[PDB]
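Undergrad: Model the following, please.
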Amino acid sequence: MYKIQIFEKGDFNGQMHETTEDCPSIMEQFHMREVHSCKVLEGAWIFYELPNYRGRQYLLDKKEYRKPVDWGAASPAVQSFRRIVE
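TA: Numbers count the residues shown, from 1 in each chain. What follows is the structure:
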């Protein structure tokens, strides 16, 4: 499993990026400073505020997230993410 789409803007607008693997730094990889919305097409993920899986964490397991408040965040600051492997 594991498939996720991240967007530059809220409600699924803007530049989109689809990935199936962990990302230690969204800026290095996708060249985005913030994540305004996303869709977890398959799997469960952990969103992190800072690169290298650090800072504040958010759980992304639902199908769609239109705005950052939907994953429990007060801002669109997300700089790394990874699949929850059990």
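Undergrad: what are the ranges of the helices in the protein?
TA: In the chain, the segments counted as helices under DSSP state H are 26-30.
Undergrad: And the strands in it, which stretches?
TA: According to DSSP state E, the chain carries its strands in the segments 3-7, 16-19, 37-42, 45-50, 54-60, 64-65, 80-83.
Undergrad: would you turn those strands into a markdown table with mean neighbour count?
TA: All C-beta atoms are positioned from the backbone trio N, CA, C, and that covers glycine. As requested, those are exported to a markdown table (neighbours: other Cβ atoms under 10 Å):
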| stretch | mean neighbour count |
| --- | --- |
| strand 3-7 | 20 |
| strand 16-19 | 15 |
| strand 37-42 | 19 |
| strand 45-50 | 20 |
| strand 54-60 | 15 |
| strand 64-65 | 20 |
| strand 80-83 | 20 |
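Undergrad: Let's have these in a markdown table, adding distance to residue 31.
TA: Shown next, in a markdown table, are the strands of the chain (distance: least, Cβ to Cβ, whole Å):
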| stretch | distance to residue 31 |
| --- | --- |
| strand 3-7 | 12 |
| strand 16-19 | 9 |
| strand 37-42 | 16 |
| strand 45-50 | 17 |
| strand 54-60 | 19 |
| strand 64-65 | 21 |
| strand 80-83 | 14 |
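Undergrad: Residue 74 is nearest to which of the ones you listed?
TA: strand 54-60 (9.2 Å; Cβ to Cβ).
Undergrad: Which elements pack onto that closest one?
TA: Using 3 or more Cβ pairs under 8 Å, 6 or more residues apart in numbering; DSSP states H and E, the elements in contact with strand 54-60 are strand 45-50.
Undergrad: next one: the strand it packs on to chain centre, how far?
TA: Its chain's C-alpha centre and that of strand 45-50 lie 7 Å apart, by Cα atoms, centre = their mean, to the nearest Å.
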